[PDB]
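Engineer: Structure for this input, please:
(chains A, B, C, D, E and F, ligands or ions: 52)
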Amino acid sequence: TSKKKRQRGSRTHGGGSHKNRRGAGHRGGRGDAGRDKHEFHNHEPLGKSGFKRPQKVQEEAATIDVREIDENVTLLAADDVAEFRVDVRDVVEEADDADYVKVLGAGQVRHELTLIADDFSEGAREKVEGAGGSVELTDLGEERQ
Amino acid sequence: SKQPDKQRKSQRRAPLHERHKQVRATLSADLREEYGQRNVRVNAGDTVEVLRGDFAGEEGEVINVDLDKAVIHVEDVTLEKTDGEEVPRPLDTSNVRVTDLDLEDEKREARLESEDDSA
Amino acid sequence: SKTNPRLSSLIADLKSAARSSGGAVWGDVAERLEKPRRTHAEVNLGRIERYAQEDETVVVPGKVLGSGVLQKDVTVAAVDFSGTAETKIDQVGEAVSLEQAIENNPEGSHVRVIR
Amino acid sequence: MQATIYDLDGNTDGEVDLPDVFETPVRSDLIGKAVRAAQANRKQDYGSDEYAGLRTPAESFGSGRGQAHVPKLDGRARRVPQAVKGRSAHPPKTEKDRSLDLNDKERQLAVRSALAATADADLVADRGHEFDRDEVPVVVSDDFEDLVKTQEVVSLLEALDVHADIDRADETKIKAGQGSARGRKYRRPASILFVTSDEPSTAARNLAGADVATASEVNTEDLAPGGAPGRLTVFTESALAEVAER
RNA sequence: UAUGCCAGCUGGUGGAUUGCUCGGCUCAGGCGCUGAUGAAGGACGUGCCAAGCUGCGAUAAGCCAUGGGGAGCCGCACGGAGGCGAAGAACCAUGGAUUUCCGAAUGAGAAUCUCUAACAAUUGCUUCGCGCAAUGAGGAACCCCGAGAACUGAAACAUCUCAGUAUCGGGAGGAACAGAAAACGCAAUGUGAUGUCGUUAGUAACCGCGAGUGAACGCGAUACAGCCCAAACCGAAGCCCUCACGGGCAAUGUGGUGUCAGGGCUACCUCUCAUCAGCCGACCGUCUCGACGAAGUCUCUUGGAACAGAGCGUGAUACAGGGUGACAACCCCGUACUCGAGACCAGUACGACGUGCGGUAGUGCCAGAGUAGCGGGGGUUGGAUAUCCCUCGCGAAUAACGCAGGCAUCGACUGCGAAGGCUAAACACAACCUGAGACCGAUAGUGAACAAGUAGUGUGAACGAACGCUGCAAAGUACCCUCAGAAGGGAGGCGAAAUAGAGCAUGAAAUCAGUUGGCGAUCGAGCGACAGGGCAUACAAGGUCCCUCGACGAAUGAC
RNA sequence: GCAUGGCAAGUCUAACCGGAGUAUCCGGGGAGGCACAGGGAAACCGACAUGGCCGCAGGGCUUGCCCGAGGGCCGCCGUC
Ligand SMILES: [Cl-]
Ligand SMILES: [Cl-]
Ligand SMILES: [Cl-]
Ligand SMILES: [Mg+2]
Ligand SMILES: [Mg+2]
Ligand SMILES: [Mg+2]
Ligand SMILES: [Mg+2]
Ligand SMILES: [Mg+2]
Ligand SMILES: [Mg+2]
Ligand SMILES: [Mg+2]
Ligand SMILES: [Mg+2]
Ligand SMILES: [Mg+2]
Ligand SMILES: [Mg+2]
Ligand SMILES: [Mg+2]
Ligand SMILES: [Mg+2]
Ligand code: NA
Ligand code: NA
Ligand code: NA
Ligand code: NA
Ligand code: NA
Ligand code: NA
Ligand code: NA
Ligand code: NA
Ligand code: NA
Ligand code: NA
Ligand code: NA
Ligand code: NA
Ligand code: NA
Ligand code: NA
Ligand code: NA
Ligand code: NA
Ligand code: NA
Ligand code: NA
Ligand code: NA
Ligand SMILES: [Sr+2]
Ligand SMILES: [Sr+2]
Ligand SMILES: [Sr+2]
Ligand SMILES: [Sr+2]
Ligand SMILES: [Sr+2]
Ligand SMILES: [Sr+2]
Ligand SMILES: [Sr+2]
Ligand SMILES: [Sr+2]
Ligand SMILES: [Sr+2]
Ligand SMILES: [Sr+2]
Ligand SMILES: [Sr+2]
Ligand SMILES: [Sr+2]
Ligand SMILES: [Sr+2]
Ligand SMILES: [Sr+2]
Ligand SMILES: [Sr+2]
Ligand SMILES: [Sr+2]
Ligand SMILES: [Sr+2]
Ligand SMILES: [Sr+2]
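Structural biologist: Residues are numbered from 1 along each chain as shown, chains lettered A, B, ... in the order given. Ligands and ions are numbered 1, 2, ... in the order given. Shown next is the structure:
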């Protein structure tokens, strides 16, 4: 049995005094009324902040952490196995509607990898090389200077 | 349709030419064999046997066929009024069985004997 | 008011085992499965790899998922496994249902709970 | 497991591997959910006229004439819910979404689960079906599809000691209630489900309580009418195999 | 024991309840314009008897033809009388005839009539004559173009909101509108007319930066379709009316060419299946209508009635639904299967006729002005500097030019040619047809299951109810008595039932008459709860209870 | 938010398309949404698959002593 189903005979259906549930006065005004007066509490404060750049002058990078790549090396058998060689671009989802692919260095790298991507983070490299690996910056990646 | 309201409605409001089928009755075994049909539209000339009501068992000539009320009058199947007069007790053709046809009309006979169609 | 009939039987079997055999884990896991689904365990392989040890059955009072890498040759007993989870585990060890685990070890000995 | 195959005379004629799906653990709750959804999804939207009871300029006199402040017209109370001939306060509404969603996986799992309940004679018996057989479901040669006369299917069912179920369904119930006023006067027990492969069996369909389906689209409802798992089914050689990949 | 209290019994009153459904409500599919050739609507007529509804129109519930249909018929409406039908009526489909007056209402006028040949009025053509034509008004909503609130929200209120909503003016169609880039701007080596649907997204943008308002490109779909002028160069090679004769139009340009795959011209190559125009003309599918259509009306019992129970039997590509004196696949209509016709798709698709695609070189020959653009003032928008529009003023270039790419200018780059036009399909609505339903079931559901927009209210605009059920069959009560009596009553007749006898299935409560039990003319008021006495009680559905004594014997506890 | 159920580093399809027993239902459709990294107005940069100590449940042992998921207290890491 639900709560609704138990209200018949109660008269006030949980509203307390029958003078309570009336119009918007019982809510202190409609919508966000009083968000700066009687109900300022827990409301985001008033004001403007910052600016926005035009949406077509904005770049959206497709990122991936070494952890993701490294944890699936063997599974990614459909990708080079040299002295593994992996073109991150063929690995990252959503890597199409993105302006470029970037490898981030979150996690560990328990294998020697040769990674090819449009860009890497300092830590991404330190780790890849640290495990006897290399990092190859794509041609597009040739926009660092 | 499948809806009861419409079914009854189409029956009660059927135009006259469509009411002939509301006065049809099953044919005796012989007649069925003779004309290759299971039933026919009862005519004011036919002979019929009552198979259901309080008059079940009686046979007689059809004296009248009312399409408006979809009922028939059969000789001797009557009720006695208060003044003593005798009047017919209407019958639903569904409770009757044709045992002898009145084929005085070439068209009806032709219809009955034809195969592609029934009477 | 669980709705899955199999979950109900499992819980009933888990109690029968804990009451009839020297096993407190089964009755423990039972108490947890009786709790709301949101509190049930959702464990990825990476966690099993970090705290499991061979010849000690890993018991998950929930479901095992496939993220991470498992190398240890361990037997994992769970309410359920994702298709991938059961695959990876079976490669380096073995995936088993609590229903099996309860039958092979009613006393519920040498076992580690993971969530 | 293996399922015995029968010829149109009812005699055994080899046997085949009962596909794995028939080993899916039976999940009556998932099945119930699936049926509940199919049933809700064919329900039609309805609701009272949105202006019903509102076609009146009726006004209240207010205080003064020793009368309750109720809208009146020509001395008759109107519009308001407590007034006879007034509007309905919270009536059925056309805008209401009467459909139920169901993830494809959850639904497919239920179909498989219902398929599997079909191979459990004890269940099939519990569901209510009347039969004198031990193996279930009943598998028959693909020639079954070539049958034309209903009575021929009768003989085969009698030979298969499965006709008793049709006798069970050969009794309609005239329902209590006003459903009758809307065309729902009768209802009847569900009997055998015939699952063929090319086309539904025209020969079996008119049998009392019978249902016909095709392996490619047989659903949770035919497999478990009303959500009750374990319907006495009869598959076709090919139907049986094609149903394996659902 | 009066007046009387409480409960029940018999009979009323009343119309709840149960059951029933010819009406509603909602959804889905199909379909979709009418009118001066006088519509839609209204008035008045029209029947043997005729008030209402329906139909029809002085040929008046109808006339004629063809096909269907069939032995009956003369609407709703179950009367009386009379008539029609084998000379094939009724009825149905298609087509035709008739079709009063008012009504856009059109010769003039007028509350449906009147007065003395009429497209009134405005237009086009014009034989300049109403000679030939157009317009007008209607339609449930849908659609397009204009006019445009307030209550309300912001807890007041003015910007903002409600909302371009309600309502008003004008107008088209079966659908409208839009539409082949002076586009987009995931900026690109990219997309490629337009609606619409899903999403992009409550994102960008707006905003007492409050409350609130709120896109687009793109993407996935639906459906797909692209063309015609102006001018250049030609210059009467042309068009309209008429059978013809003949007339009118047209150098202020008819017609050819041409239309950003720019074109024209001069000089060449090659070639057409592009386009445009016209001819022919479906399949299939969908919707509706129709034909055909299996198998019990067997036994016994109960009943007024078998469609019930028991027994025997049958069909099924048909066990949807309905009817029939009660629960019916097999009694009747239907239903499955198969078949036929009309409508829509669509004058579309295909096919065929004609036309002729395209490429090179040269040529500053052509290419839409109060425009592009700027400023003043307004409105509007998400449009912010960067929306769309109105208004006042100013105002350009000529392809070697010009516009756009979200502030302005200049260069570069990319895109694209405004100031002329047409265009199928995919989408909206629901009048109309058909189907459907976990919708309502007569105080419900429509206001309306009935006389329903009826009766009735208001000067008018406008407002507006209530009323469902005899029975299987009318067998709808003959005769007699009574009475002023076609009233009513009594007796009687019918039927299973008249406590089914006319708002006639059932028949609650309030409440009324009569009556039974209990109380009652010396006695006190939340009307009772719980205990205990009196009196009252047919059966059934409850069967216990009382006294002696004895057993057991908690707290407590004596003489 | 919560309870139940599916699937899980993923999850769900929307419009719509095909089929069919034709509003149900079977198959298809991942456009797009949310989740899988954050911080910063922006430019832009970009993280613990575990390093320490407590310790509940549970497990182990030779019955106080080990292992101790979750949890608790810290380190440390990304960014302004
Ligand atoms: Cl930004
Ligand atoms: Cl985890
Ligand atoms: Cl694009
Ligand atoms: Mg015949
Ligand atoms: Mg109402
Ligand atoms: Mg009831
Ligand atoms: Mg006139
Ligand atoms: Mg206010
Ligand atoms: Mg539109
Ligand atoms: Mg304020
Ligand atoms: Mg707005
Ligand atoms: Mg845009
Ligand atoms: Mg405004
Ligand atoms: Mg009413
Ligand atoms: Mg009565
Ligand atoms: Na209240
Ligand atoms: Na009204
Ligand atoms: Na709805
Ligand atoms: Na139409
Ligand atoms: Na009349
Ligand atoms: Na006429
Ligand atoms: Na005219
Ligand atoms: Na003239
Ligand atoms: Na206010
Ligand atoms: Na005020
Ligand atoms: Na504002
Ligand atoms: Na894209
Ligand atoms: Na009958
Ligand atoms: Na605007
Ligand atoms: Na201006
Ligand atoms: Na542009
Ligand atoms: Na009523
Ligand atoms: Na008493
Ligand atoms: Na996706
Ligand atoms: Sr409350
Ligand atoms: Sr109010
Ligand atoms: Sr509030
Ligand atoms: Sr303040
Ligand atoms: Sr995507
Ligand atoms: Sr009639
Ligand atoms: Sr009649
Ligand atoms: Sr006052
Ligand atoms: Sr196109
Ligand atoms: Sr131009
Ligand atoms: Sr700029
Ligand atoms: Sr009433
Ligand atoms: Sr209505
Ligand atoms: Sr007045
Ligand atoms: Sr009498
Ligand atoms: Sr004692
Ligand atoms: Sr999916
Ligand atoms: Sr921790």
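Engineer: who's in contact with residue 73?
Structural biologist: Using chain A here. Shown in contact with residue A:73 (CB atoms under 8 Å, 6 or more residues apart in numbering or on different chains): A:84, A:86, A:111, A:113. Where you see a C-beta, it was placed from the backbone N, CA and C, and this is true even at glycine.
Engineer: sorry, should have said chain D
Structural biologist: D:56-59 are the contacts of residue D:73 under CB under 8 Å, 6+ apart.
Engineer: Return the residue of chain D that is most distant from the centre.
Structural biologist: Of all residues in chain D, residue D:64 has its C-alpha farthest from the mean position, at 61.1 Å, by CA atoms, centre = their mean.
Engineer: Isn't residue A:121 up against residue A:105?
Structural biologist: Yes - using CB atoms under 8 Å, residue A:121 is in contact with residue A:105, at 5.3 Å.
Engineer: where does the closest residue to ligand 16 within chain C land in three-state SS?
Structural biologist: Nearest to ligand 16 in chain C, going by CB to the ion, is residue C:1, at a distance of 32.7 Å. Look at residue C:1: counting by DSSP: H, G, I helix; E, B strand; the rest coil, its state is coil.
Engineer: And it, how far from ligand 1?
Structural biologist: Taking CB to the ion, to the nearest Å as the measure, residue C:1 and ligand 1 are separated by 50 Å.
Engineer: now residue D:242, what's its secondary structure?
Structural biologist: Residue D:242 - assigned by three-state DSSP - is helix.
Engineer: ok, now which ones touch it?
Structural biologist: Here residue D:242 is in contact with D:197, D:215-216 (criterion: CB under 8 Å, 6+ apart).
Engineer: What strand or helix carries residue D:86?
Structural biologist: If you go by DSSP states H and E, residue D:86 is not part of any helix or strand.
Engineer: re earlier: what's the most distant pair in the contacts of residue A:73?
Structural biologist: A:86 and A:111 (10.1 Å; CB to CB).
Engineer: Look at the two and report which has more neighbours.
Structural biologist: Higher neighbour count among residue A:86 and residue A:111: residue A:86, with 21 against 15, using other CB atoms under 10 Å in any protein chain shown.
Engineer: wait, that one sits on residue A:77?
Structural biologist: No - applying CB under 8 Å, one finds residue A:86 not in contact with residue A:77, separated by 11.2 Å.
Engineer: Distance of the most centrally placed residue in chain B relative to ligand 2?
Structural biologist: Per CA atoms, centre = their mean, the C-alpha nearest to the average position across chain B is that of residue B:42, at 3.5 Å. To ligand 2, residue B:42 is 86 Å away according to CB to the ion.
Engineer: what sits against that residue?
Structural biologist: B:23-25, B:48, B:62, B:65, B:72, B:93, B:96, B:98.
Engineer: which two from the contacts of residue D:73 end up farthest apart in space?
Structural biologist: Taking CB to CB as the measure, the contacts of residue D:73 span a maximum distance of 9.4 Å, between D:56 and D:59.
Engineer: which residues do these two both contact?
Structural biologist: D:71, D:73.
Engineer: which one of the two has more residues nearby?
Structural biologist: More crowded of residue D:56 and residue D:59, by other CB under 10 Å: residue D:56, with 16 against 12.
Engineer: mind listing the helices for chain A?
Structural biologist: Ranges of helices within chain A are A:66-71, A:122-130, based on DSSP state H.
Engineer: that older thread, ok, of the contacts of residue B:42, which come out buried?
Structural biologist: In terms of neighbour count (16 or more other CB atoms under 10 Å in any protein chain shown), the buried residues within the contacts of residue B:42 are B:23-25, B:48, B:62, B:65, B:72, B:93, B:96, B:98.
Engineer: what residues are up against whichever residue of chain D sits closest to chain C?
Structural biologist: Residue of chain D nearest chain C, by CB to the nearest CB: residue D:29 (4.9 Å). With contact set as CB under 8 Å, 6+ apart, residue D:29 has these partners: C:3-5.
Engineer: Tell me the secondary structure of it, please.
Structural biologist: Secondary structure, three-state DSSP: residue D:29 is helix.
Engineer: Is residue D:3 in a helix, a strand, or coil?
Structural biologist: strand.
Engineer: my guess is it meets residue D:136, correct?
Structural biologist: No - assessed by CB under 8 Å, residue D:3 is found out of contact with residue D:136, at 9.0 Å.
Engineer: Please say which of these two ends up with more neighbours.
Structural biologist: It is residue D:136, of residue D:3 and residue D:136, that has more neighbours when counted by other CB under 10 Å, with 23 against 20.
Engineer: Now the more buried one: closest residue in space that isn't a chain neighbour?
Structural biologist: Nearest non-adjacent residue to residue D:136, counting by CB to CB, 6 or more residues apart in numbering or on different chains: residue D:121, 4.5 Å away.
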